[PDB]
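Inside the fold
Here is what each chain is made of, one letter per residue.
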Amino acid sequence: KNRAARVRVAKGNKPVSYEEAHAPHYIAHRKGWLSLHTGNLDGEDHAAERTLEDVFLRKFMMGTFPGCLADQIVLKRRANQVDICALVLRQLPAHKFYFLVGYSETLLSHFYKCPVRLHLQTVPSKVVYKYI
Amino acid sequence: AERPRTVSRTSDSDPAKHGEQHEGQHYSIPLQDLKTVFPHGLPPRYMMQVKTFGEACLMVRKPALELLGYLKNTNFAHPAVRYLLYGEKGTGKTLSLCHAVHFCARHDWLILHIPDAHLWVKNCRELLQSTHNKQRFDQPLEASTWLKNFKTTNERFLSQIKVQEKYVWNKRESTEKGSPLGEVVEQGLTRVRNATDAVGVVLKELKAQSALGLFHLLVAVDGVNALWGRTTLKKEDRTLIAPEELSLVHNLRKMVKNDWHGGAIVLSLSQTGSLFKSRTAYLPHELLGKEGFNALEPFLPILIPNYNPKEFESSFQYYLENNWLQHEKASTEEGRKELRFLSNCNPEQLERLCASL
Amino acid sequence: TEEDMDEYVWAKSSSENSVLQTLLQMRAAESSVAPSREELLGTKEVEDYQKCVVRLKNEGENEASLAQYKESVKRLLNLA
Amino acid sequence: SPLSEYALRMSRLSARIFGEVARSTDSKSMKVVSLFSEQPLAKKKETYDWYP
Amino acid sequence: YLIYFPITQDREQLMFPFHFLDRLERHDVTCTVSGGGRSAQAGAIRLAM
Amino acid sequence: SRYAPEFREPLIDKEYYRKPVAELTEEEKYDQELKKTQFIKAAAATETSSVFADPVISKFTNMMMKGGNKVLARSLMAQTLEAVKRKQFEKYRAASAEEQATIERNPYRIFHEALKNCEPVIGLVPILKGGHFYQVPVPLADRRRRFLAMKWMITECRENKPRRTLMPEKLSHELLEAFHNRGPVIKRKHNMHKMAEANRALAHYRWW
Amino acid sequence: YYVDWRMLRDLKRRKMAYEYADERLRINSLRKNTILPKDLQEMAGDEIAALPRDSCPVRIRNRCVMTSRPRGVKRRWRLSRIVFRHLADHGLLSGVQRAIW
Ligand SMILES: Nc1ncnc2c1ncn2[C@@H]1O[C@H](COP(=O)(O)OP(=O)(O)OP(=O)(O)O)[C@@H](O)[C@H]1O
Ligand SMILES: [Mg+2]
Ligand SMILES: [Mg+2]
Ligand SMILES: [Mg+2]
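Conventions used here
- Residues numbered from 1 in each chain as written, not as in the entry; some residues may be left out.
- Chains lettered and ligands numbered in written order.
- Part of a larger assembly, values for the part shown.
- Heavy atoms only, no water.
- UniProt positions renumbered as here; feature names shortened; annotations may be inferred.
- Helix = DSSP H or I, 4+ residues; strand = E, 2+ residues; numbered from the N terminus.
- Buried < 20%, exposed > 50% of the residue type's maximum accessible area, 1.4 Å probe, protein only.
- Contact = heavy atoms within 4.5 Å.
- Areas by Shrake-Rupley, 256 points an atom, 1.4 Å probe, with all protein chains shown as cover.
- Patch = residues over 30% accessible without salt bridge, like charges linked within 9 Å, V, L, I, M, F, W, Y side chains within 5 Å.
- Salt bridge = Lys/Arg side-chain N within 4 Å of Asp/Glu carboxyl O.
- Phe/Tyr/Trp six-rings, centres within 6.5 Å; stacked < 30°, edge-to-face > 60°.
- Pairing = 2+ DSSP bridges.
- Axes fitted to C-alpha atoms, helices over the stretch in contact; angles between N-to-C directions.
- 1 Å grid on protein atoms, 1.4 Å probe; cavity = no way out; pocket = protein on both sides within 12 Å on 5 of 7 lines; lining within 4 Å.
- Points joined across faces, edges and corners; volume = space filled by probe spheres on them.
- Nonpolar A, V, L, I, M, F, W, Y, C, P; charged D, E, K, R; others polar.
- Buried area = accessible area lost by both parts, 1.4 Å probe.
- Polar contact = N/O pair within 3.5 Å; in protein donor to acceptor, adjacent residues only side chain to side chain.

As stated in the entry header, the method of structure determination is cryo-EM and the reported resolution is 3.09 Å.

The PDB entry lists chain E under the name 28S ribosomal protein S9, mitochondrial, from Mus musculus. The title given to this PDB entry is "Mouse mitochondrial ribosome small subunit lacking m5U modification".

Within the PDB entry, the label attached to chain B reads 28S ribosomal protein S29, mitochondrial, and the organism entered is Mus musculus. Looking at the Catalytic activity heading of the UniProt record, one finds this comment for chain B: "GTP + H2O = GDP + phosphate + H(+)".

Description of the overall build of chain E
Helix and strand counts for chain E stand at two helices and zero strands. Principal-axis analysis of the C-alpha atoms places the extent of chain E at approximately 30 × 20 × 15 Å. By residue count, 37% of the 49 residues in chain E fall in the buried class. In chain E, of all internal contacts separated by at least 6 residues, the share reaching a separation of at least 24 is 58%. Summing over all exposed atoms, chain E offers an accessible surface of approximately 2,900 Å²; the carbon and sulfur share of this is 54%.

Details of the arrangement of the chains
At no point do chain A and chain F touch; the closest pair of C-alpha atoms across them sits 25 Å apart. Chain C shows no contact with chain F. Their nearest C-alpha atoms sit 33 Å apart.

Quick notes on a nonpolar patch on the surface
Residues and elements named next belong to chain D. On the surface, a cluster of nonpolar side chains totalling about 570 Å² of accessible area is made up of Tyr6, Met10, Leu13, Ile17 and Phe18. Its location among the elements puts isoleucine 17 in helix α1 (residues 5-18). Relative accessible area serves as the criterion here: at 52%, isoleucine 17 is assigned to the exposed category.

As for the packing of aromatic side chains
If you walk through the whole model with that rule in mind, you get 32 aromatic pairs over all chains. For the pair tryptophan 146 of chain B and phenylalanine 150 of chain B, a centre-to-centre distance of 5.1 Å together with 20° between the ring planes defines the contact as stacked. With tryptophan 146 of chain B and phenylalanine 150 of chain B both in helix α6 (residues 140-153) and four residues apart, the pair spans about one turn of that helix. Arranged with centres 5.3 Å apart and planes meeting at 85°, the rings of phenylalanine 293 of chain B and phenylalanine 299 of chain B form a pair that is edge-to-face. Each residue in the set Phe56, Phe60, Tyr103, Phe111 and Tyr112 of chain A is aromatic and connected to the rest through ring pairs, giving one cluster.

A few points about the sheet that holds strand β3 (residues 82-87) of chain B
Residue and element names in this part refer to chain B. Here five strands make up an open sheet; going across it, the order is β4-β9-β10-β3-β11 and the pairing parallel. Whereas interior strands pair on both sides, the edge strands pair on one side only; in this sheet they are β4 (110-114) and β11 (299-304). Each strand of the sheet is rotated relative to its neighbour by a mean of 15°, with strand direction disregarded. As paired elements, β3 and strand β10 (residues 263-268) share four bridges and run parallel to each other. For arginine 82, the partnering residue across the bridge sits in β10 and is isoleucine 265. In the packing of helix α5 (residues 93-106) onto the sheet, the strands contacted are β3, β4, β9 (217-222), β10 and β11, and the crossing angle to β9 comes to about 165°.

Details of empty space enclosed by the protein
Counted under the stated rule, the structure contains one cavity of 30 Å³ or more. Put simply, the largest cavity is a space of about 40 Å³. Taken together, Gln49, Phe53, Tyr319, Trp324 and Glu351 of chain B together with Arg86 of chain F make up the lining of the largest cavity. Class assignment for the residues of the lining of the largest cavity results in three nonpolar, one polar and two charged.

Section: the interface of chain B and chain C
When the parts of a complex come together, some accessible area is lost, and that lost area is often used as the size of the interface. Of the residues lining the interface, 27 residues belong to chain B; the matching set on chain C comes to 24 residues. Together, the buried faces of chain B and chain C total about 2,300 Å²; carbon and sulfur atoms form 57% of this surface. The interface formed by chain B and chain C holds one salt bridge in total. Residue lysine 70 of chain C pairs with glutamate 66 of chain B through a salt bridge whose shortest N-O separation is 2.9 Å. Joining chain B to chain C, the criterion identifies 11 residue pairs in polar contact. Elements with a minimum of two residues in the side of chain B that touches chain C: α4 (62-72), β3, α11 (284-296) and β11 of chain B. Grouping the amino acids of the side of chain B that touches chain C by side-chain chemistry returns 17 nonpolar, five polar and five charged.

Some points on unusual backbone geometry
Between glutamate 297 of chain B and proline 298 of chain B the backbone carries a cis peptide bond, its omega angle lying at -10°. Among the secondary structure elements, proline 298 of chain B is positioned in the loop between α11 and β11. One non-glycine residue, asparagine 323 of chain B, adopts positive backbone phi at about 70°. Residue position: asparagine 323 of chain B is located in the loop between α12 (309-321) and α13 (333-343). Residue classification places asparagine 323 of chain B among the partly exposed residues on the basis of a relative accessible area of 35%. The phi angle at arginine 78 of chain G is positive, at roughly 65°, despite the residue not being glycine. The class for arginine 78 of chain G is buried, based on a relative accessible area of 8%.

In C-alpha cells, the structure reads:
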C-alpha cells in the first residue's frame, strides 16, 4: 500500500483541507504547485539552490508564526523578487502581525540578498474541504 | 494473346543480321558459341536460365543495337574507342556487353574478355610478390582461371600469333622469339607461379601485334570501375593494398587506354560486387571516381534503361513460351499488370519475381 | 594541384591531355604532318567537348548531361 | 587522401587566423589545451558550494 | 519505388490500393515519407495513397 | 489489443466487392449493409489483393521466421519454390512424352498436395476419466491437423539435414518426396496413426 | 552543525580541492603531454603526489545536502531519492509531477 502524502481515512471526524485531501498523483491534475520558480524548466540552472531556499523559507515561517498558519505557504519568485503568500489564522492581535511582517521581511532580505515581501490573507478558521 | 510471342523469337542466329526491326526479339545463341565465346562472362542467374530452359536466348535491344552499329563502322586506323555501358542495377549491362562480344567473335575478332574485374580486388587467398617488380603482387589463382577461359575462346588464334620477344619464365625455362602465343599460355597453366606473368605477356603481345593488321582485338572488360577504386586485400603488415600495386590490375589499365589501334574497347560499369560504393550508385563519375573518369575520357556512355512496353511484353511471353510462369493467374491480364508493377520493368527483378512463381 | 581546385578547369588538365593525345593520334593516322597543339584544341569539336566535360564536373552529372556529352564525343571522334 | 602542400599551408593559415593549434600535436599533448581552456572541476560553483 | 523499396513486400503494400480498384498504370503518385523503418514507411504511404 | 471489440476483420477479396448486387446471397448482402455502420480493422502489411498471394504459403513462411526476420523467411520460401520448379523442369525435359504428361511443374500445387498428404487425421489426446488421465484416440480438428503437417515439415528440414545443405535444398527435396507419399514426414504421420491404433480400446472414453 | 561527521569530512575535501585547483592544474599539465623531457615529467609526477591527499578532487562524494546519504542522490537537486520524493509528493517542487503515460 502507498503511504506517501496520503491523509488516511478515520471515522469521518478528521477535517482535511483541499491540499491534504489529494494524494500525490493529483499534482498537476486537481491541485497545483506550492512553489513557482523557473529552476526546473528545461535548460535552466540553480534548481538545487531554489529548492534549498524553499525548505528553509517554510521552516522559518512556521516558527515565526507559530500556530497561526491555516495552510501551507505559497512561494512565488519573479526576477530576483521573492513573494510569500500565507493563509494565517486570526489568533494574534493585528499590531503583532505588522511587527512579524516587518521583521520577517527585513531578516530574509538580508539573508538571501533579494527583495522579499510577505502577503498575508487572514482566515477566521481553517477551511475544511471534506471530513474523512 | 500471343501476339508478342511471335515477337518473342527471331531466326537470325547471326548477330550481324540484327537491326531495329528485330528489337524486342530473343535470338538463340548457338550451342557451340556458348561453349566457346561464353565460357565466362554470362551472369550467374542467367546461366541458371540457360541450364533449365536448355537454350540461351538474348533479347535484341536498342542499347545493344547502337553499340553493334559503332563496332561495324570501326575505323581501325584511328585509335581504339572506349564504349562505356552505364545503367542501374539489373538493367542488362552485362548481357548488352555479351551481345557485343558475340558480334565480334563471329567476325573472327580476338576476344579479350574479362568477365568480372571485381574478383581481382577482393577475397584473394593467395597473394604472392612479383619478380618483375617487387612492389607489385601476383594473384596466381585469379590469373590461372582467366587464362583457361581466354584459351578456350581464342584457341584458333593461339597458333597464328607468335611472340616478338624472348621471355625467361625461370632459369631453366624461357620462350624463344617466334614461338606460337599458345606456348606462353601453356606455360602459365602448367606453372601457376608464372600464371600472373603469362597474362601480362599475353596482354602486351596482343596490344603490340594488333596494330600490325594481323587480327582485330576486342578488349571487353565488365566491371571496369574496380580498376581505379579501392581493394579489400591486405599486405603482410595488415595494411590494405591499392589497385595499382596488384599485377593483374596494372596490366589491364594499359589495355583500356586509347594509345593503340586495331580494335575497340567495350567497358561496363557494375555497382554489384563493387567495394565501398553505395547501393544506389550507377552513374559513371560516382562509380569510376575522379581517377577512373579521367583515365577513360573521352569515352562514349551508352545508357542501358529498363524494359520498354514492347520489350516487357516480349520477355513476358518468352517466360510463358517455356512454361516458366506456372502459376494459374500469371497468364492473366491482372497477373501481367501486377508483375509489371512489382518488377517495375526491371529485367533482373522480373526474372526474380517470375522465378518463384 | 588539380585535386585542390573546387571548380573544374579543363585548361591544363588530364582531360586536355587525353583529348590532345587522341587528336594527335587521329591526325597521324590520317597521314597528315604532325600538327600544332593550338590548332588541334582550337577546333569547334574541341570547344563543345570542353563545355560538356565542364558541365559534368561542375554543373552535375545526370543522364541528361551525359547525353549531351555523348554527342560531343561522337563529333570529336568522328563516329557515326 | 593525403594533404598536398596547398592544403596543409592553407590549414595553417586558417588555424593562425582562428587561434587554433597550428603545429602537428599528438592527442596526448592536446590535453594541455583542454586543461587550460576549461574550468577545473574543483573551481566550479556546484562543487565548492555543494552544501548549504 | 523500386530503388527506394528494394524489398518486394514493401512494394506489394504500395500495390494494394491500386490493384484493388483495378487502377494500375492510370495514376502518377509523388510521396514524401519521413520516419520509421522500411515496413512502417510502406504502410504509411499505402494509407496516404 | 488496440482494436475495440466492435471492430471487424477486413475483407480483401477484390471480386467480392465488384460482383453484381443480385449475385450476392442475401446473407452476404446483409453483412455489407451492416458493415457500412461498423468499424473496420486496418489490413495487415502482408494482406493484399494480389492474385499471387496464397494464405497457406504465407502461413508456412511465418512458421519459419525467426526473430521477426520476414525478409529471410520469405526469401527461403521463394528459393524453395524455385528449387522445386527447377527440379521438375529438369525431370520433364529428360523424360519421354508419356512420362512428361504425369510430371507436375507447378510448385504451388506440389506444396499444397504435399502438406495435405502429411496431415494426420486422428491423434492421441489426454482425456480425464475418473479423475485420471488416459491417452484416448481423438479426431483431430482442422486447424490442429493443418498445423501438425507444417510443423513436422519445418522440423525435419531444420534438424535432420547435413551441415552444409541449405533449407531451400532440404525443403524442396522434402516437399517433393511428400508429394509422392514416401518421406520421413509421412512416416511421422504413420506413427501417430499407428499409436492410436494400439490405444483404440480407450476410444469410447470420449464424451463428444 | 552539519548532518554527520561524514558530511563534515566531505566539506573539507571540497574546500581543500578549491585551494589546490590551480596548483594541481599547472603541475599536472606538465605531465599530460609528450613535448617536455621525461626527466621533468618524472619529477612533476612526484610534486603532484606530494600535495595533500584531500587536495585530490576524486575523493569528493556527492551526498544529499539534507541527509548526507552517499548514494541515491539526484545531482540536479542534491537530494537523495527519499528526500526528493517527500518534497515532490507534497507539491513543493516547482514543476515536478508524477509520470503517467
Ligand atoms: N538482353 C537481355 N536478354 C535477356 N535477359 C536479359 C537481357 N538483359 C537483361 N536480362 C535479364 O536481366 C538479368 C540481369 O542482367 P545483367 O546481369 O546483364 O544486368 P546488369 O545491369 O549487368 O546487372 P548488375 O548491375 O547486377 O551487374 C538477366 O539475368 C536476365 O534475366
Ligand atoms: Mg553486370
Ligand atoms: Mg547523526
Ligand atoms: Mg566518486
